[PDB]
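Participant: Next up, protein.csv (CSV, N, CA and C atoms).
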```csv
chain,number,residue,atom,x,y,z
A,22,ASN,N,-7.0,17.5,-9.4
A,22,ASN,CA,-7.2,16.9,-8.0
A,22,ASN,C,-8.4,15.9,-8.1
A,23,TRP,N,-8.4,15.0,-9.1
A,23,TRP,CA,-9.5,14.1,-9.2
A,23,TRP,C,-9.4,13.0,-8.2
A,24,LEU,N,-10.5,12.6,-7.5
A,24,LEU,CA,-10.6,11.4,-6.6
A,24,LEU,C,-11.4,10.3,-7.3
A,25,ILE,N,-11.1,9.1,-6.9
A,25,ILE,CA,-12.0,8.0,-7.4
A,25,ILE,C,-12.4,7.2,-6.1
A,26,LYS,N,-13.6,6.8,-6.1
A,26,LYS,CA,-14.1,5.9,-5.0
A,26,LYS,C,-14.8,4.8,-5.8
A,27,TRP,N,-15.1,3.7,-5.1
A,27,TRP,CA,-15.7,2.6,-5.8
A,27,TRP,C,-17.1,2.3,-5.2
A,28,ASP,N,-17.9,1.7,-6.0
A,28,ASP,CA,-19.3,1.4,-5.7
A,28,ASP,C,-19.7,0.3,-6.7
A,29,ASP,N,-20.2,-0.7,-6.1
A,29,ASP,CA,-20.7,-1.9,-6.8
A,29,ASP,C,-21.8,-1.6,-7.8
A,30,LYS,N,-22.6,-0.4,-7.5
A,30,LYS,CA,-23.6,-0.1,-8.5
A,30,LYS,C,-23.1,-0.1,-9.9
A,31,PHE,N,-21.9,0.4,-10.2
A,31,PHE,CA,-21.4,0.6,-11.6
A,31,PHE,C,-20.9,-0.6,-12.2
A,32,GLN,N,-21.0,-1.7,-11.5
A,32,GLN,CA,-20.7,-3.0,-12.2
A,32,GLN,C,-21.8,-4.0,-12.0
A,33,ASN,N,-23.0,-3.4,-11.6
A,33,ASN,CA,-24.2,-4.2,-11.5
A,33,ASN,C,-24.9,-4.3,-12.8
A,34,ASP,N,-24.7,-5.4,-13.6
A,34,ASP,CA,-25.1,-5.5,-14.9
A,34,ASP,C,-26.6,-5.6,-14.9
A,35,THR,N,-27.3,-5.9,-13.8
A,35,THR,CA,-28.7,-6.1,-13.7
A,35,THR,C,-29.5,-4.9,-13.6
A,36,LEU,N,-28.9,-3.8,-13.3
A,36,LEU,CA,-29.7,-2.6,-13.0
A,36,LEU,C,-30.2,-1.9,-14.2
A,37,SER,N,-31.5,-1.6,-14.1
A,37,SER,CA,-32.1,-0.8,-15.2
A,37,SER,C,-31.3,0.5,-15.4
A,38,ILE,N,-31.1,0.9,-16.7
A,38,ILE,CA,-30.4,2.1,-17.0
A,38,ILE,C,-31.2,3.3,-16.4
A,39,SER,N,-32.5,3.1,-16.0
A,39,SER,CA,-33.3,4.2,-15.4
A,39,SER,C,-32.7,4.6,-14.1
A,40,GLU,N,-31.9,3.7,-13.5
A,40,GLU,CA,-31.4,4.0,-12.2
A,40,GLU,C,-30.1,5.0,-12.1
A,41,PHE,N,-29.8,5.5,-13.3
A,41,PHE,CA,-28.5,6.3,-13.5
A,41,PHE,C,-29.0,7.6,-14.0
A,42,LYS,N,-28.3,8.6,-13.6
A,42,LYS,CA,-28.7,10.0,-14.0
A,42,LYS,C,-28.3,10.3,-15.4
A,43,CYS,N,-27.6,9.3,-16.1
A,43,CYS,CA,-27.4,9.5,-17.5
A,43,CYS,C,-28.2,8.6,-18.4
A,44,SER,N,-29.4,8.2,-17.9
A,44,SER,CA,-30.2,7.1,-18.5
A,44,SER,C,-30.5,7.4,-20.0
A,45,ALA,N,-30.7,8.7,-20.4
A,45,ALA,CA,-31.0,9.0,-21.8
A,45,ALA,C,-29.8,8.7,-22.7
A,46,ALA,N,-28.6,9.1,-22.2
A,46,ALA,CA,-27.4,8.9,-23.0
A,46,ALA,C,-27.2,7.4,-23.1
A,47,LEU,N,-27.4,6.7,-22.0
A,47,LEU,CA,-27.2,5.2,-21.9
A,47,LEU,C,-28.0,4.4,-22.9
A,48,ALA,N,-29.2,5.0,-23.2
A,48,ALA,CA,-30.2,4.3,-24.1
A,48,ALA,C,-29.5,4.4,-25.5
A,49,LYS,N,-28.6,5.3,-25.8
A,49,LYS,CA,-28.0,5.4,-27.1
A,49,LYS,C,-26.6,4.7,-27.1
A,50,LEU,N,-26.3,4.0,-26.0
A,50,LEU,CA,-24.9,3.5,-25.9
A,50,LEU,C,-24.9,2.0,-25.8
A,51,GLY,N,-25.9,1.4,-26.4
A,51,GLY,CA,-25.9,-0.1,-26.6
A,51,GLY,C,-25.1,-0.4,-27.9
A,52,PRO,N,-24.7,-1.6,-28.1
A,52,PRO,CA,-24.0,-2.0,-29.4
A,52,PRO,C,-24.9,-1.8,-30.6
A,53,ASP,N,-26.2,-1.8,-30.5
A,53,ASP,CA,-27.1,-1.1,-31.5
A,53,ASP,C,-27.7,0.3,-30.9
A,54,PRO,N,-27.2,1.4,-31.6
A,54,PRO,CA,-27.6,2.7,-31.1
A,54,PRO,C,-29.1,3.1,-31.2
A,55,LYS,N,-29.8,2.2,-31.9
A,55,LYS,CA,-31.3,2.3,-32.1
A,55,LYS,C,-32.1,1.6,-31.0
A,56,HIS,N,-31.6,0.4,-30.7
A,56,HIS,CA,-32.3,-0.5,-29.6
A,56,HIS,C,-31.7,-0.2,-28.3
A,57,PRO,N,-32.4,0.6,-27.5
A,57,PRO,CA,-31.8,1.0,-26.2
A,57,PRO,C,-31.4,-0.3,-25.4
A,58,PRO,N,-30.2,-0.3,-24.8
A,58,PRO,CA,-30.0,-1.1,-23.7
A,58,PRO,C,-31.1,-0.9,-22.7
A,59,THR,N,-31.5,-2.0,-22.0
A,59,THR,CA,-32.4,-1.8,-20.8
A,59,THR,C,-31.7,-1.8,-19.5
A,60,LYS,N,-30.5,-2.5,-19.5
A,60,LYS,CA,-29.7,-2.7,-18.3
A,60,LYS,C,-28.3,-2.2,-18.5
A,61,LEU,N,-27.7,-1.9,-17.3
A,61,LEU,CA,-26.4,-1.3,-17.3
A,61,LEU,C,-25.4,-2.3,-18.0
A,62,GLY,N,-25.6,-3.6,-17.8
A,62,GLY,CA,-24.7,-4.6,-18.4
A,62,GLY,C,-24.6,-4.6,-19.9
A,63,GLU,N,-25.6,-4.0,-20.6
A,63,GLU,CA,-25.6,-4.0,-22.0
A,63,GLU,C,-25.0,-2.8,-22.6
A,64,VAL,N,-24.6,-1.9,-21.8
A,64,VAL,CA,-24.1,-0.6,-22.3
A,64,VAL,C,-22.6,-0.8,-22.7
A,65,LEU,N,-22.2,-0.3,-23.9
A,65,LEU,CA,-20.8,-0.3,-24.3
A,65,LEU,C,-19.8,0.1,-23.2
A,66,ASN,N,-18.8,-0.7,-23.0
A,66,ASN,CA,-17.7,-0.4,-22.0
A,66,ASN,C,-18.0,-0.8,-20.6
A,67,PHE,N,-19.1,-1.5,-20.4
A,67,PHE,CA,-19.5,-2.0,-19.1
A,67,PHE,C,-18.3,-3.1,-18.8
A,68,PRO,N,-17.8,-3.0,-17.6
A,68,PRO,CA,-18.2,-2.2,-16.4
A,68,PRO,C,-17.2,-1.2,-16.1
A,69,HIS,N,-16.6,-0.5,-17.1
A,69,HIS,CA,-15.6,0.5,-16.8
A,69,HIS,C,-16.4,1.8,-16.8
A,70,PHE,N,-17.2,1.9,-15.8
A,70,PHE,CA,-18.2,2.9,-15.7
A,70,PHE,C,-18.0,3.8,-14.4
A,71,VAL,N,-18.4,5.1,-14.5
A,71,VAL,CA,-18.2,5.9,-13.4
A,71,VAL,C,-19.4,6.9,-13.3
A,72,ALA,N,-19.7,7.3,-12.1
A,72,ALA,CA,-20.5,8.5,-11.9
A,72,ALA,C,-19.5,9.6,-11.8
A,73,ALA,N,-19.9,10.8,-12.3
A,73,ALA,CA,-19.0,11.9,-12.3
A,73,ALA,C,-19.9,13.2,-12.3
A,74,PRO,N,-19.3,14.3,-12.0
A,74,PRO,CA,-20.2,15.5,-11.8
A,74,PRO,C,-20.7,16.0,-13.1
A,75,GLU,N,-21.9,16.5,-13.1
A,75,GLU,CA,-22.4,17.2,-14.2
A,75,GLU,C,-21.5,18.5,-14.4
A,76,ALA,N,-21.5,19.0,-15.6
A,76,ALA,CA,-20.8,20.2,-16.0
A,76,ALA,C,-19.4,19.9,-16.2
A,77,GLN,N,-18.7,19.3,-15.3
A,77,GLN,CA,-17.4,18.8,-15.5
A,77,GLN,C,-17.2,17.6,-16.5
A,78,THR,N,-18.3,16.8,-16.5
A,78,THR,CA,-18.3,15.6,-17.4
A,78,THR,C,-19.7,15.6,-18.1
A,79,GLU,N,-19.8,15.1,-19.3
A,79,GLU,CA,-21.0,14.9,-20.0
A,79,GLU,C,-21.4,13.5,-19.9
A,80,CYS,N,-22.7,13.3,-19.9
A,80,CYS,CA,-23.3,11.9,-19.8
A,80,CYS,C,-22.7,11.1,-21.0
A,81,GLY,N,-22.2,9.9,-20.7
A,81,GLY,CA,-21.7,9.1,-21.8
A,81,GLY,C,-20.3,9.5,-22.3
A,82,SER,N,-19.7,10.5,-21.7
A,82,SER,CA,-18.4,10.8,-22.2
A,82,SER,C,-17.4,9.8,-21.7
A,83,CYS,N,-16.2,9.8,-22.4
A,83,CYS,CA,-15.2,8.8,-22.1
A,83,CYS,C,-14.0,9.5,-21.5
A,84,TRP,N,-13.5,8.9,-20.4
A,84,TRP,CA,-12.4,9.6,-19.7
A,84,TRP,C,-11.2,8.7,-19.5
A,85,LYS,N,-10.0,9.2,-19.7
A,85,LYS,CA,-8.9,8.4,-19.4
A,85,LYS,C,-8.4,8.7,-18.0
A,86,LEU,N,-8.3,7.7,-17.1
A,86,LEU,CA,-7.9,8.0,-15.7
A,86,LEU,C,-6.5,7.4,-15.5
A,87,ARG,N,-5.7,8.1,-14.8
A,87,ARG,CA,-4.4,7.5,-14.4
A,87,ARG,C,-4.2,7.4,-12.9
A,88,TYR,N,-3.7,6.3,-12.4
A,88,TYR,CA,-3.2,6.2,-11.1
A,88,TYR,C,-1.9,5.6,-11.1
A,89,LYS,N,-0.9,6.2,-10.6
A,89,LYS,CA,0.5,5.8,-10.6
A,89,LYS,C,0.8,5.3,-12.1
A,90,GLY,N,1.2,4.1,-12.3
A,90,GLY,CA,1.5,3.7,-13.7
A,90,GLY,C,0.4,2.9,-14.4
A,91,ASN,N,-0.8,3.0,-13.9
A,91,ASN,CA,-2.0,2.4,-14.4
A,91,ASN,C,-2.9,3.4,-15.1
A,92,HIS,N,-3.7,3.0,-16.1
A,92,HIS,CA,-4.7,3.9,-16.6
A,92,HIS,C,-5.9,3.1,-17.0
A,93,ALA,N,-7.0,3.7,-17.2
A,93,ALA,CA,-8.2,3.1,-17.7
A,93,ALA,C,-9.1,4.1,-18.4
A,94,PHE,N,-9.9,3.5,-19.3
A,94,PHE,CA,-10.9,4.4,-20.0
A,94,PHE,C,-12.2,4.1,-19.5
A,95,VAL,N,-12.9,5.1,-19.0
A,95,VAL,CA,-14.2,4.9,-18.4
A,95,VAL,C,-15.3,5.7,-19.0
A,96,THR,N,-16.6,5.2,-18.9
A,96,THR,CA,-17.7,5.9,-19.5
A,96,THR,C,-18.4,6.6,-18.3
A,97,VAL,N,-18.8,7.8,-18.5
A,97,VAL,CA,-19.6,8.4,-17.5
A,97,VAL,C,-21.0,8.0,-17.6
A,98,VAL,N,-21.6,7.4,-16.6
A,98,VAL,CA,-22.9,6.8,-16.7
A,98,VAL,C,-23.9,7.3,-15.7
A,99,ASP,N,-23.4,8.1,-14.8
A,99,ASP,CA,-24.3,8.6,-13.7
A,99,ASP,C,-23.6,9.9,-13.1
A,100,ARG,N,-24.2,10.4,-12.1
A,100,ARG,CA,-23.7,11.7,-11.6
A,100,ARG,C,-23.4,11.5,-10.1
A,101,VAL,N,-22.4,12.2,-9.6
A,101,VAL,CA,-22.2,12.4,-8.2
A,101,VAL,C,-22.2,14.0,-8.2
A,102,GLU,N,-22.5,14.6,-7.1
A,102,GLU,CA,-22.4,16.1,-7.2
A,102,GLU,C,-21.3,16.7,-6.4
A,103,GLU,N,-20.2,16.0,-6.4
A,103,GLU,CA,-19.0,16.5,-5.7
A,103,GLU,C,-18.0,16.8,-6.7
A,104,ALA,N,-17.4,18.0,-6.7
A,104,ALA,CA,-16.5,18.3,-7.8
A,104,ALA,C,-15.3,17.4,-7.8
A,105,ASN,N,-14.8,17.1,-9.0
A,105,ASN,CA,-13.6,16.3,-9.1
A,105,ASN,C,-13.7,14.9,-8.5
A,106,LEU,N,-14.9,14.4,-8.5
A,106,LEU,CA,-15.0,13.0,-7.9
A,106,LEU,C,-15.5,12.0,-9.0
A,107,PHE,N,-14.8,10.9,-9.2
A,107,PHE,CA,-15.4,9.8,-10.0
A,107,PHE,C,-15.8,8.7,-9.0
A,108,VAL,N,-16.9,8.0,-9.2
A,108,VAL,CA,-17.2,6.8,-8.5
A,108,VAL,C,-17.2,5.7,-9.5
A,109,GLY,N,-16.4,4.7,-9.3
A,109,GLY,CA,-16.3,3.8,-10.4
A,109,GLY,C,-16.7,2.4,-9.9
A,110,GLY,N,-16.9,1.5,-10.8
A,110,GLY,CA,-17.2,0.1,-10.5
A,110,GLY,C,-16.1,-0.5,-9.7
A,111,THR,N,-16.4,-1.4,-8.9
A,111,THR,CA,-15.4,-2.0,-8.0
A,111,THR,C,-14.1,-2.6,-8.7
A,112,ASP,N,-14.3,-3.4,-9.7
A,112,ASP,CA,-13.2,-4.0,-10.4
A,112,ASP,C,-12.4,-3.0,-11.2
A,113,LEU,N,-13.1,-2.1,-11.8
A,113,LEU,CA,-12.4,-1.0,-12.5
A,113,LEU,C,-11.4,-0.3,-11.5
A,114,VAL,N,-11.9,0.1,-10.3
A,114,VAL,CA,-11.2,0.8,-9.4
A,114,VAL,C,-10.1,0.0,-8.8
A,115,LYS,N,-10.4,-1.2,-8.5
A,115,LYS,CA,-9.5,-2.1,-7.9
A,115,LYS,C,-8.3,-2.3,-8.9
A,116,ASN,N,-8.6,-2.5,-10.2
A,116,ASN,CA,-7.5,-2.6,-11.1
A,116,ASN,C,-6.8,-1.3,-11.4
A,117,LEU,N,-7.5,-0.2,-11.4
A,117,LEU,CA,-6.8,1.0,-11.7
A,117,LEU,C,-5.8,1.4,-10.6
A,118,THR,N,-6.2,1.1,-9.4
A,118,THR,CA,-5.5,1.7,-8.2
A,118,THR,C,-4.8,0.7,-7.4
A,119,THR,N,-4.4,-0.4,-8.1
A,119,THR,CA,-3.5,-1.4,-7.5
A,119,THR,C,-2.1,-1.0,-8.1
A,120,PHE,N,-1.1,-1.0,-7.2
A,120,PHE,CA,0.3,-0.7,-7.5
A,120,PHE,C,1.2,-1.8,-7.1
A,121,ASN,N,1.7,-2.5,-8.0
A,121,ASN,CA,2.7,-3.6,-7.8
A,121,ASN,C,2.0,-4.6,-6.8
A,122,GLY,N,0.8,-5.0,-7.1
A,122,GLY,CA,0.1,-6.0,-6.2
A,122,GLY,C,-0.6,-5.4,-5.0
A,123,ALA,N,-0.4,-4.2,-4.7
A,123,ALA,CA,-1.1,-3.6,-3.5
A,123,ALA,C,-2.4,-2.9,-4.0
A,124,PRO,N,-3.6,-3.3,-3.5
A,124,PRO,CA,-4.8,-2.7,-4.0
A,124,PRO,C,-5.0,-1.4,-3.2
A,125,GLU,N,-4.2,-0.4,-3.4
A,125,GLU,CA,-4.2,0.8,-2.6
A,125,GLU,C,-5.6,1.4,-2.5
A,126,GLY,N,-6.1,1.7,-3.7
A,126,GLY,CA,-7.4,2.5,-3.8
A,126,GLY,C,-8.5,1.7,-3.3
A,127,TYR,N,-8.5,0.4,-3.6
A,127,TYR,CA,-9.7,-0.5,-3.3
A,127,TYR,C,-9.7,-0.7,-1.8
A,128,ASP,N,-8.6,-1.0,-1.2
A,128,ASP,CA,-8.6,-1.3,0.2
A,128,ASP,C,-8.9,0.0,1.0
A,129,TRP,N,-8.4,1.1,0.6
A,129,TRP,CA,-8.7,2.3,1.3
A,129,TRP,C,-10.2,2.8,1.1
A,130,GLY,N,-10.5,2.7,-0.2
A,130,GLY,CA,-11.8,2.9,-0.7
A,130,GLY,C,-11.9,4.3,-1.5
A,131,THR,N,-10.9,5.1,-1.3
A,131,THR,CA,-10.8,6.4,-2.0
A,131,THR,C,-9.4,6.5,-2.5
A,132,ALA,N,-9.2,6.9,-3.7
A,132,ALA,CA,-7.8,7.1,-4.2
A,132,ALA,C,-7.8,8.4,-4.9
A,133,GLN,N,-6.6,9.1,-4.9
A,133,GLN,CA,-6.5,10.3,-5.7
A,133,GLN,C,-5.9,9.9,-7.0
A,134,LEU,N,-6.4,10.5,-8.1
A,134,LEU,CA,-5.9,10.1,-9.4
A,134,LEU,C,-4.7,11.0,-9.8
A,135,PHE,N,-3.8,10.5,-10.6
A,135,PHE,CA,-2.8,11.3,-11.2
A,135,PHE,C,-3.4,12.3,-12.1
A,136,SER,N,-4.4,11.9,-13.0
A,136,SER,CA,-5.0,12.8,-14.0
A,136,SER,C,-6.2,12.2,-14.4
A,137,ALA,N,-7.1,13.0,-15.0
A,137,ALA,CA,-8.3,12.5,-15.7
A,137,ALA,C,-8.6,13.5,-16.8
A,138,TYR,N,-8.8,13.0,-18.0
A,138,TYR,CA,-9.2,13.9,-19.0
A,138,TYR,C,-10.1,13.2,-20.0
A,139,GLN,N,-10.9,13.9,-20.7
A,139,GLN,CA,-11.8,13.3,-21.6
A,139,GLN,C,-11.1,13.0,-22.9
A,140,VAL,N,-11.4,11.8,-23.5
A,140,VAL,CA,-10.9,11.3,-24.7
A,140,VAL,C,-12.0,11.0,-25.7
A,141,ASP,N,-11.6,10.7,-26.9
A,141,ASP,CA,-12.6,10.3,-27.8
A,141,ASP,C,-13.4,9.1,-27.4
A,142,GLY,N,-14.7,9.1,-27.7
A,142,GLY,CA,-15.6,7.9,-27.2
A,142,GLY,C,-15.1,6.6,-27.8
A,143,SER,N,-14.4,6.5,-28.9
A,143,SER,CA,-13.9,5.2,-29.4
A,143,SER,C,-13.1,4.5,-28.3
A,144,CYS,N,-12.4,5.3,-27.5
A,144,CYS,CA,-11.7,4.6,-26.4
A,144,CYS,C,-12.6,3.9,-25.4
A,145,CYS,N,-13.8,4.3,-25.4
A,145,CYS,CA,-14.8,3.6,-24.5
A,145,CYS,C,-15.8,2.7,-25.4
A,146,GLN,N,-15.3,2.3,-26.6
A,146,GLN,CA,-16.0,1.4,-27.5
A,146,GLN,C,-17.2,2.1,-28.2
A,147,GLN,N,-17.2,3.4,-28.2
A,147,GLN,CA,-18.3,4.1,-28.8
A,147,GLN,C,-18.1,4.2,-30.3
A,148,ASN,N,-19.1,4.2,-31.1
A,148,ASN,CA,-18.9,4.3,-32.5
A,148,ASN,C,-18.8,5.8,-32.9
A,149,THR,N,-17.7,6.4,-32.6
A,149,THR,CA,-17.5,7.9,-33.0
A,149,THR,C,-16.9,7.9,-34.5
A,150,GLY,N,-16.5,6.8,-35.0
A,150,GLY,CA,-15.8,6.8,-36.3
A,150,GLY,C,-14.3,6.9,-36.1
A,151,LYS,N,-13.8,7.4,-35.0
A,151,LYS,CA,-12.3,7.5,-34.9
A,151,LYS,C,-11.7,6.4,-34.2
A,152,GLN,N,-10.4,6.3,-34.2
A,152,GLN,CA,-9.7,5.2,-33.5
A,152,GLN,C,-9.2,5.7,-32.2
A,153,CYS,N,-9.2,4.9,-31.2
A,153,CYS,CA,-8.8,5.4,-29.9
A,153,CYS,C,-7.3,5.8,-29.9
A,154,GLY,N,-6.5,4.8,-30.4
A,154,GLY,CA,-5.1,5.2,-30.5
A,154,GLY,C,-4.5,5.2,-29.1
A,155,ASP,N,-3.8,6.2,-28.8
A,155,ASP,CA,-3.0,6.2,-27.5
A,155,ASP,C,-3.1,7.7,-26.9
A,156,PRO,N,-4.3,8.1,-26.6
A,156,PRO,CA,-4.5,9.5,-26.0
A,156,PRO,C,-4.0,9.7,-24.6
```
Please express the file's structure as structure tokens.
Facilitator:
Amino acid sequence: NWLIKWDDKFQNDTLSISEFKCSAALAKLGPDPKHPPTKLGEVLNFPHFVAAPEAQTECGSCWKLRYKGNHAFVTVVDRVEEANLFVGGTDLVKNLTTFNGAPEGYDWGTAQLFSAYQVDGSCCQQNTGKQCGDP
């Protein structure tokens, strides 16, 4: 029963990574794992980013989301404290939750997902060593 809502925060390239509750994990999620990104725009997989609840999702984890016949791979970069809720960047959500031209999720602002599950971080461009493939 995952929901997704959208918020411009998660595609705001200019925001300091300090503004996200996953800031420590974000520091390690630049294209150089030694030189922290300072801004959200520099983090791997930007802007397919979501806030998601602690315990259910780990900071920096990669999740495959499905809506109808669409899917996306998203990095958890912040927290919301509502169970089963993702809040994603506007364009991410708009694209995931458009069905045959109708931006269902975006226009309503909340959409229910068909499914969400964590996948290997390579799906979110992280250097795990593995190939994303087709999870």
Participant: Set the distance at 8 Å and use all atoms listed in the file: which residues neighbour residue 129 of chain A once local chain neighbours fewer than 4 positions away are removed? I'd like the list as a compact mmCIF listing (two decimals) with N, CA and C atoms, in the coordinates of the input.
Facilitator:
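Output saved as out.txt:
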```
# COMPACT_ATOMS: atom_id res chain seq x y z
N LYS A 26 -13.60 6.80 -6.10
CA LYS A 26 -14.10 5.90 -5.00
C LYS A 26 -14.80 4.80 -5.80
N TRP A 27 -15.10 3.70 -5.10
CA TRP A 27 -15.70 2.60 -5.80
C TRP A 27 -17.10 2.30 -5.20
N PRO A 124 -3.60 -3.30 -3.50
CA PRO A 124 -4.80 -2.70 -4.00
C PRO A 124 -5.00 -1.40 -3.20
N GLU A 125 -4.20 -0.40 -3.40
CA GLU A 125 -4.20 0.80 -2.60
C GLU A 125 -5.60 1.40 -2.50
```
Participant: What does the structure give for the distance between atom N of residue 84 of chain A and atom C of residue 57 of chain A, in Å to one decimal?
Facilitator: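 Interatomic distance, atom N of residue 84 of chain A to atom C of residue 57 of chain A: 20.7 Å.
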Participant: With all atoms listed in the file as the counted atoms, please give the residues lying no more than 5 Å from residue 95 of chain A, apart from itself and same-chain residues fewer than 4 positions off, as a VMD selection string.
Facilitator: chain A and resid 69 to 70 83 to 84
Participant: What's the separation between atom N of residue 128 of chain A and atom C of residue 142 of chain A, in Å to one decimal place?
Facilitator: 28.4 Å
Participant: Against segment 96-113 of chain A, which residues of segment 27-46 of chain A fall within 8 Å? For each one I want the closest pair of atoms and the distance in Å (one decimal), counting all atoms listed in the file, rows by chain and increasing residue number, as a tab-separated table.
Facilitator:
```
residue	atom	partner	partner_atom	distance
A:27	CA	A:109	N	4.1
A:28	N	A:109	C	4.1
A:29	N	A:111	N	4.8
A:30	C	A:110	CA	5.9
A:31	C	A:110	CA	4.1
A:32	N	A:110	CA	4.3
A:33	N	A:110	CA	6.9
A:40	C	A:99	CA	7.0
A:41	CA	A:99	CA	4.8
A:42	N	A:99	CA	4.0
A:43	N	A:99	CA	4.1
A:44	N	A:98	C	6.0
A:46	C	A:98	CA	7.7
```
Participant: Residues near residue 86 of chain A, anyone? I mean within 9 Å using only C-alpha atoms, not counting same-chain ones fewer than 3 positions away, as a PDB file with N, CA and C atoms, keeping the file's coordinate frame.
Facilitator:
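Written output follows (part.pdb):
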```
ATOM      1  N   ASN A  91      -0.800   3.000 -13.900  1.00  0.00           N
ATOM      2  CA  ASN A  91      -2.000   2.400 -14.400  1.00  0.00           C
ATOM      3  C   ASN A  91      -2.900   3.400 -15.100  1.00  0.00           C
ATOM      4  N   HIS A  92      -3.700   3.000 -16.100  1.00  0.00           N
ATOM      5  CA  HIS A  92      -4.700   3.900 -16.600  1.00  0.00           C
ATOM      6  C   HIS A  92      -5.900   3.100 -17.000  1.00  0.00           C
ATOM      7  N   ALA A  93      -7.000   3.700 -17.200  1.00  0.00           N
ATOM      8  CA  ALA A  93      -8.200   3.100 -17.700  1.00  0.00           C
ATOM      9  C   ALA A  93      -9.100   4.100 -18.400  1.00  0.00           C
ATOM     10  N   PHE A  94      -9.900   3.500 -19.300  1.00  0.00           N
ATOM     11  CA  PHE A  94     -10.900   4.400 -20.000  1.00  0.00           C
ATOM     12  C   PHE A  94     -12.200   4.100 -19.500  1.00  0.00           C
ATOM     13  N   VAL A  95     -12.900   5.100 -19.000  1.00  0.00           N
ATOM     14  CA  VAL A  95     -14.200   4.900 -18.400  1.00  0.00           C
ATOM     15  C   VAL A  95     -15.300   5.700 -19.000  1.00  0.00           C
ATOM     16  N   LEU A 117      -7.500  -0.200 -11.400  1.00  0.00           N
ATOM     17  CA  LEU A 117      -6.800   1.000 -11.700  1.00  0.00           C
ATOM     18  C   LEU A 117      -5.800   1.400 -10.600  1.00  0.00           C
ATOM     19  N   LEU A 134      -6.400  10.500  -8.100  1.00  0.00           N
ATOM     20  CA  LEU A 134      -5.900  10.100  -9.400  1.00  0.00           C
ATOM     21  C   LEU A 134      -4.700  11.000  -9.800  1.00  0.00           C
ATOM     22  N   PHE A 135      -3.800  10.500 -10.600  1.00  0.00           N
ATOM     23  CA  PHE A 135      -2.800  11.300 -11.200  1.00  0.00           C
ATOM     24  C   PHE A 135      -3.400  12.300 -12.100  1.00  0.00           C
ATOM     25  N   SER A 136      -4.400  11.900 -13.000  1.00  0.00           N
ATOM     26  CA  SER A 136      -5.000  12.800 -14.000  1.00  0.00           C
ATOM     27  C   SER A 136      -6.200  12.200 -14.400  1.00  0.00           C
ATOM     28  N   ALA A 137      -7.100  13.000 -15.000  1.00  0.00           N
ATOM     29  CA  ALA A 137      -8.300  12.500 -15.700  1.00  0.00           C
ATOM     30  C   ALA A 137      -8.600  13.500 -16.800  1.00  0.00           C
ATOM     31  N   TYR A 138      -8.800  13.000 -18.000  1.00  0.00           N
ATOM     32  CA  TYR A 138      -9.200  13.900 -19.000  1.00  0.00           C
ATOM     33  C   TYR A 138     -10.100  13.200 -20.000  1.00  0.00           C
ATOM     34  N   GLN A 139     -10.900  13.900 -20.700  1.00  0.00           N
ATOM     35  CA  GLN A 139     -11.800  13.300 -21.600  1.00  0.00           C
ATOM     36  C   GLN A 139     -11.100  13.000 -22.900  1.00  0.00           C
TER      37      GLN A 139
END
```
Participant: Which distance in Å separates atom CA of residue 25 of chain A and atom CA of residue 126 of chain A, to one decimal?
Facilitator: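 For atom CA of residue 25 of chain A relative to atom CA of residue 126 of chain A, the distance reads 8.0 Å.
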Participant: When DSSP is applied to the backbone of this structure, which of segment 76-150 of chain A are assigned strand (DSSP E)? Write them out as a list in words.
Facilitator: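 Matching residues for strand (DSSP E) in segment 76-150 of chain A are residues 83, 84, 85, 86, 87, 88, 91, 92, 93, 94, 95, 96, 97, 98, 99, 106, 107, 108, 109, 131, 132, 133, 136, 137, 138, 139 and 140 of chain A.
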Participant: Residues of chain A in alpha helix (DSSP H) according to DSSP, as a PyMOL selection string?
Facilitator: chain A and resi 44-48+111-117+125-129
Participant: Given the selection you just returned, output its residues as a file containing N, CA and C atoms, formatted as a compact mmCIF listing (two decimals), in the coordinates of the input.
Facilitator:
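This went into again.txt:
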```txt
# COMPACT_ATOMS: atom_id res chain seq x y z
N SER A 44 -29.40 8.20 -17.90
CA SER A 44 -30.20 7.10 -18.50
C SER A 44 -30.50 7.40 -20.00
N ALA A 45 -30.70 8.70 -20.40
CA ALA A 45 -31.00 9.00 -21.80
C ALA A 45 -29.80 8.70 -22.70
N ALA A 46 -28.60 9.10 -22.20
CA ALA A 46 -27.40 8.90 -23.00
C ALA A 46 -27.20 7.40 -23.10
N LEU A 47 -27.40 6.70 -22.00
CA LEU A 47 -27.20 5.20 -21.90
C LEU A 47 -28.00 4.40 -22.90
N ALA A 48 -29.20 5.00 -23.20
CA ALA A 48 -30.20 4.30 -24.10
C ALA A 48 -29.50 4.40 -25.50
N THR A 111 -16.40 -1.40 -8.90
CA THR A 111 -15.40 -2.00 -8.00
C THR A 111 -14.10 -2.60 -8.70
N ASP A 112 -14.30 -3.40 -9.70
CA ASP A 112 -13.20 -4.00 -10.40
C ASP A 112 -12.40 -3.00 -11.20
N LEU A 113 -13.10 -2.10 -11.80
CA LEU A 113 -12.40 -1.00 -12.50
C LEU A 113 -11.40 -0.30 -11.50
N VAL A 114 -11.90 0.10 -10.30
CA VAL A 114 -11.20 0.80 -9.40
C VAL A 114 -10.10 0.00 -8.80
N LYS A 115 -10.40 -1.20 -8.50
CA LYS A 115 -9.50 -2.10 -7.90
C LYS A 115 -8.30 -2.30 -8.90
N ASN A 116 -8.60 -2.50 -10.20
CA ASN A 116 -7.50 -2.60 -11.10
C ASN A 116 -6.80 -1.30 -11.40
N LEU A 117 -7.50 -0.20 -11.40
CA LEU A 117 -6.80 1.00 -11.70
C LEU A 117 -5.80 1.40 -10.60
N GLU A 125 -4.20 -0.40 -3.40
CA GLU A 125 -4.20 0.80 -2.60
C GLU A 125 -5.60 1.40 -2.50
N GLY A 126 -6.10 1.70 -3.70
CA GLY A 126 -7.40 2.50 -3.80
C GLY A 126 -8.50 1.70 -3.30
N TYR A 127 -8.50 0.40 -3.60
CA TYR A 127 -9.70 -0.50 -3.30
C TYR A 127 -9.70 -0.70 -1.80
N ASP A 128 -8.60 -1.00 -1.20
CA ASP A 128 -8.60 -1.30 0.20
C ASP A 128 -8.90 0.00 1.00
N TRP A 129 -8.40 1.10 0.60
CA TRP A 129 -8.70 2.30 1.30
C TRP A 129 -10.20 2.80 1.10
```
